[PDB]
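Enquirer: This one's experimental. Sequence and coordinates below.
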Amino acid sequence: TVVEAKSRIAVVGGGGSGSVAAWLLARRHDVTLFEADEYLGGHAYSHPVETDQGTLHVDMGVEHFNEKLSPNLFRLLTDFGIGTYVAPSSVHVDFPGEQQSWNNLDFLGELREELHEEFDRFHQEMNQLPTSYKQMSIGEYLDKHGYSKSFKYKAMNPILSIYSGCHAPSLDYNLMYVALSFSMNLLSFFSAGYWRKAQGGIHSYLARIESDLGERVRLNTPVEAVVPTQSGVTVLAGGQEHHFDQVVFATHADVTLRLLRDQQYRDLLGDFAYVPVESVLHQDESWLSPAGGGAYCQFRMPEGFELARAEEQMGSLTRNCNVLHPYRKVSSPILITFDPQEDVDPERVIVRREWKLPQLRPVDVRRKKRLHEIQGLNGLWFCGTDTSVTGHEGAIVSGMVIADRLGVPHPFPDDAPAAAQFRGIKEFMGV
Amino acid sequence: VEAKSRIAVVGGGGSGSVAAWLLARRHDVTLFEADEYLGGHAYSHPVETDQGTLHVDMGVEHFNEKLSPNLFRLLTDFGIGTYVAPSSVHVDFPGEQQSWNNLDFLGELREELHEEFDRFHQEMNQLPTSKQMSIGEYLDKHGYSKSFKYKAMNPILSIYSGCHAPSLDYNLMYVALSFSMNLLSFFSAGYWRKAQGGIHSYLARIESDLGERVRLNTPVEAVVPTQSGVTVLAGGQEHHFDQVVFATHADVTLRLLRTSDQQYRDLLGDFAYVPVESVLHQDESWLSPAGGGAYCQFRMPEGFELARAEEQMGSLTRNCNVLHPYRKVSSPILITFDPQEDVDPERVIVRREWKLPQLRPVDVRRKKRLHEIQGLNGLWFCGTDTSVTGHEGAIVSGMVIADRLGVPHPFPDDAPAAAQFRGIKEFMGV
Ligand SMILES: Cc1cc2nc3c(=O)[nH]c(=O)nc-3n(C[C@H](O)[C@H](O)[C@H](O)COP(=O)(O)OP(=O)(O)OC[C@H]3O[C@@H](n4cnc5c(N)ncnc54)[C@H](O)[C@@H]3O)c2cc1C
Ligand SMILES: Cc1cc2nc3c(=O)[nH]c(=O)nc-3n(C[C@H](O)[C@H](O)[C@H](O)COP(=O)(O)OP(=O)(O)OC[C@H]3O[C@@H](n4cnc5c(N)ncnc54)[C@H](O)[C@@H]3O)c2cc1C
Ligand code: NA
Ligand code: NA
């Protein structure tokens, strides 16, 4: 397929992937970016919180990345003159009994006493692993390598749930992803992980992308349908018909399919599994740990847990924002509880967000790769979290891959690691 | 070099011992050791406590499975366990609340320097993927404060370079790598492992495995390559060998060597060292009043002058009671390296005097050049001075020499251990 310059190209979905694709495609082509909600970024949302220090753009979805893991995102932020800061992944885990806890800052707690030897063995086994087990599950490994049910549900499951989704079948996800998160110091039982945050919310780089695009962006304009035709492609958005030569989808595969209007498409876009996530921005200081109230990530398992019913019981993850270095002078509590099990005072709740995260079982990964088939067929292209590897870097680099295929080359060839990532994703996507 | 040859090993530290142990296979080896034990820098001193006798690591104590694969397999095969001893660091300076640590964000120095600690980590991480300059030159060219240089950079580097060392003159890549690999960090404790029951445990085993091939308290006096073979003068006796392997520091190697070739002085002279004094004591007045929970505690004495900063050195204490096996103990276990202030003689268990090599790019360039005199006049060189830094660097150079003498790398199966060996063998130019 040959795509001429100055073509009319639409971008459906304006999250991180859409926005990057739209922004690079604004060079070379005439682009329009359709976004259902009142802002750019989607999972990258920074909610304004009023405080004594000013207005804070509090990250409720996407929060963390770093310069090793996310090179392209890092250069992008740099060039936009956006600073990053270190937000170490300090973790404290609370369970029902007296002193029934553990943390990655000190060696205190009954669970630490009960489990230290397994935390220690785990780190060794994880590190020796990347160097069978090709697509294995973390749960299968734990069982086959004699780890206690206590480690499985009191250590493994909570740590995995500091992201990776609480509702998610965390113990079923790919072994290599856990082995890598541990070797790369993203998760650890002995130290806080090396995580970075963007200066003045993650939205900062999107807010710039938004200005740079200007009139090309349609906020509050949900697409209703994308109909490829003999002539070109027809987009029905915000009660109007639009004529384009190409259409780029940066929406979740389920949304992509509902908007697309062949049953090869139903095969490749249907069956994509998701996990509900509820981010709750609140100020109810009763969620803070009485012993670990100084750690960034605080996990709490409610009363009547019962280790035998462990698959049924679920804990809640709170994020102590006041522990973030920019929020040090701020006097008002800033908490984020994901999927709260116990109650959260409605009087103290700033806002709630309801999102869906893709599952990461090797089958889901196998599904993603297969999309290479419908790429650049009937003037359609697919990018986003569902077409790429996990994380923000994965999403925004996927948008870069599609933009590159439409004659806008990778913006940072100079940056060796950023070029390597792009080469990786382009290869993963089969584009 | 034919099999069943008579080979001597001068120096019985980690490198010697590993080389001797692998060379016991294929050849008839003798291991000469000046001191009463095997290991040298790897020393574990017995300390009596209510819970038991502890083999307290006073020299070499840190490694991990990523950094030290060969050392790790060696320990495993000998049935020796390892534990996590995170590199928690607290830095104390003369004023009120004039400190910083890698566990929390408290302290005046933390307030004064947070932005630079943060910038540093980014710059370090982006660097190996981008420099034969010093850490000091980099710091200066990249606008870092003299406060950062002497109150943050210099103390953190102290953990393994020694409070004395012109640490700021050491190569940049060594710092860039120590930071990217989470060995040193201003935001988290480093992933460091310790051997269970002291580091000596693996040496104590090689000692048994060698038996009568080991000659302790037998300092070599001279190594004279002859027309016939080589002649070793050790403990007032003449010994006849076909090959001689030196696992002693280059300065010691030269003093022992008697060759009449100027080149030897060129390659072995000019090697720079740094004195280190390890002090195993129980004087709790060395613990930080604020950071007494961190593993590595640095203290700069009163009258520090930021302008005279090159002249003043601080002292590094190691809070052993923070180690997980030492958690039930009730007697303080401290190790102060190069104490500036007075340490109570009533509370001093023992002292050790050692010398560490300098790691300026010139020193690194010297090490590589030794490839010239290797396997000449029936002599071979291994050790800390012929290899990259650390215990792995040391024992793997002993393995490289053993492999050159027909004893192949013992762990080809272990992919990372094979890769390290391939690396060192290449670095050494052997
Ligand atoms: C709670 C949460 C926390 C996360 N934390 C991290 C983290 O710290 N780091 C990290 O790297 N990743 C994290 N992620 C993963 C995240 O999904 C990705 O990082 C990335 O943001 C996904 O980008 P995306 O644009 O493909 O998806 P989305 O962000 O979901 O973008 C899709 C967009 O399409 C829009 N859209 C939907 N329907 C229509 C329509 N009809 N017409 C037009 N537009 C439409 C949506 O409104 C949305 O803006 C997190 C995700 C969640 C949900
Ligand atoms: C205080 C200190 C702490 C350290 N901590 C660490 C750490 O945590 N981790 C790490 O990886 N590295 C550490 N090191 C670095 C250390 O030098 C190496 O890890 C390694 O132990 C060096 O091995 P080596 O055998 O080459 O040198 P050495 O250990 O010094 O061995 C040389 C041996 O030669 C002997 N010898 C000297 N003269 C003669 C003679 N005339 N005849 C015969 N034998 C002789 C000596 O007695 C000694 O046993 C530390 C070093 C010191 C001094
Ligand atoms: Na600690
Ligand atoms: Na912290």
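Expert: Alright, I've got the coordinates. Residues are numbered from 1 along each chain as shown, chains lettered A, B, ... in the order given. Ligands and ions are numbered 1, 2, ... in the order given.
Enquirer: Now for residue A:238: which residues touch it?
Expert: Residues counted as contacts of residue A:238 (CB atoms under 8 Å, 6 or more residues apart in numbering or on different chains) are A:34, A:218, A:220-222. For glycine as for every other residue, the C-beta is placed from the backbone atoms N, C-alpha and C.
Enquirer: what would the residues you listed look like in a markdown table with secondary structure and distance to chain B?
Expert: A markdown table is the format used below for the contacts of residue A:238 (DSSP: H, G, I helix; E, B strand; the rest coil; distance: CB to the nearest CB, whole Å):
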| residue | secondary structure | distance to chain B |
| --- | --- | --- |
| A:34 | strand | 36 |
| A:218 | strand | 36 |
| A:220 | coil | 37 |
| A:221 | coil | 38 |
| A:222 | coil | 39 |
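Enquirer: Buried subset of the residues you listed, written for ChimeraX?
Expert: A single ChimeraX command selects the buried members of those (16 or more other CB atoms under 10 Å in any protein chain shown):
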select /A:34,218,221,222
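Enquirer: Can you sort out which of the contacts of residue A:238 also neighbour ligand 1?
Expert: A:34, A:222 (CB under 6 Å from any ligand atom).
Enquirer: of all the contacts of residue A:238, which comes closest to residue A:118?
Expert: Using CB to CB, residue A:222 is the member of the contacts of residue A:238 that sits closest to residue A:118, with 48.8 Å.
Enquirer: from what I can see the closest one touches residue A:36, true?
Expert: Yes. Counting by CB atoms under 8 Å, residue A:36 is a contact partner of residue A:222 at 3.7 Å.
Enquirer: close to ligand 1, is the helix or strand containing residue A:73?
Expert: Element membership for residue A:73 (DSSP states H and E) is helix A:71-79. No. Helix A:71-79 stays clear of ligand 1 (CB under 6 Å from any ligand atom), getting no nearer than 7.9 Å.
Enquirer: Pull the number of nearby residues for the closest residue to ligand 3 within the stretch 1-150 of chain A.
Expert: Proximity of the stretch 1-150 of chain A to ligand 3 (CB to the ion) peaks at residue A:106, 5.9 Å away. For residue A:106, the tally of surrounding residues (other CB atoms under 10 Å in any protein chain shown) stands at 16.
Enquirer: check contacts around it.
Expert: B:103, B:293.
Enquirer: ok so, going back, please convert the contacts of residue A:238 to CSV, extending it with distance to ligand 2.
Expert: CSV is the format used below for these (distance: CB to the nearest ligand atom, whole Å):
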residue, distance to ligand 2
A:34, 58
A:218, 60
A:220, 60
A:221, 61
A:222, 60
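Enquirer: Nearest to residue A:239 among the contacts of residue A:238?
Expert: residue A:221 (9.5 Å).
Enquirer: Would you agree that closest one is in contact with residue A:237?
Expert: Yes. Assessed by CB under 8 Å, residue A:221 is found in contact with residue A:237 at 5.2 Å.
Enquirer: where do the contact lists of these two overlap?
Expert: Joint contacts of residue A:221 and residue A:237 (CB under 8 Å, 6+ apart) are residue A:34.
Enquirer: what's the neighbour count on the closest residue to ligand 2 within the stretch 251-400 of chain A?
Expert: Closest residue of the stretch 251-400 of chain A to ligand 2, CB to the nearest ligand atom: residue A:295 (28.8 Å). Per other CB under 10 Å, the neighbour tally for residue A:295 reads 25.
Enquirer: quick one: it and residue A:88 touch, right?
Expert: No. Residue A:295 is beyond contact range of residue A:88, at 9.4 Å (criterion: CB under 8 Å).
Enquirer: What segments of the stretch 251-400 of chain A are helices?
Expert: A:253-259, A:264-269, A:362-370, A:392-405 (DSSP state H, counting those that start in this stretch).
Enquirer: so can I have TSV of those showing distance to residue A:428 and mean neighbour count?
Expert: Converted to TSV, the helices of the stretch 251-400 of chain A look like this (distance: least, CB to CB, whole Å; neighbours: other CB atoms under 10 Å in any protein chain shown):
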stretch	distance to residue A:428	mean neighbour count
helix A:253-259	15	20
helix A:264-269	16	15
helix A:362-370	7	16
helix A:392-405	9	26
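Enquirer: Could you dump these into CSV and include distance to ligand 3?
Expert: What follows is these, written out as CSV (distance: least, CB to the ion, whole Å):
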stretch, distance to ligand 3
helix A:253-259, 45
helix A:264-269, 49
helix A:362-370, 36
helix A:392-405, 31
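Enquirer: and chain B, which of the ones you listed is closest to it?
Expert: helix A:392-405 (14.7 Å; CB to the nearest CB).
Enquirer: Contacts for the closest one, please.
Expert: Against helix A:392-405 from outside (CB under 8 Å, 6+ apart): A:15-22, A:24-25, A:44, A:62, A:65, A:69-73, A:76, A:248, A:250, A:376, A:381-385, A:387-388, A:410-411, A:421-422, A:425-426, A:429, A:431.
Enquirer: Selecting buried members of the residues you listed in ChimeraX, what would you type?
Expert: Of these, the buried ones can be selected in ChimeraX as follows, counting by 16+ other CB under 10 Å:
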select /A:15,16,17,18,19,20,21,22,24,25,44,62,65,69,70,71,72,73,76,248,250,376,381,382,383,384,385,387,388,410,411,421,422,425,426,429,431
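Enquirer: hey, which helix is longest across chain A?
Expert: helix A:110-128 (DSSP state H).
Enquirer: Next, the buried residues of that helix.
Expert: A:111-112, A:114-116, A:118-120, A:122-124, A:126-128.
Enquirer: shouldn't residue A:20 be in contact with residue A:77?
Expert: No. Using CB under 8 Å, residue A:20 makes no contact with residue A:77, being 11.8 Å away.
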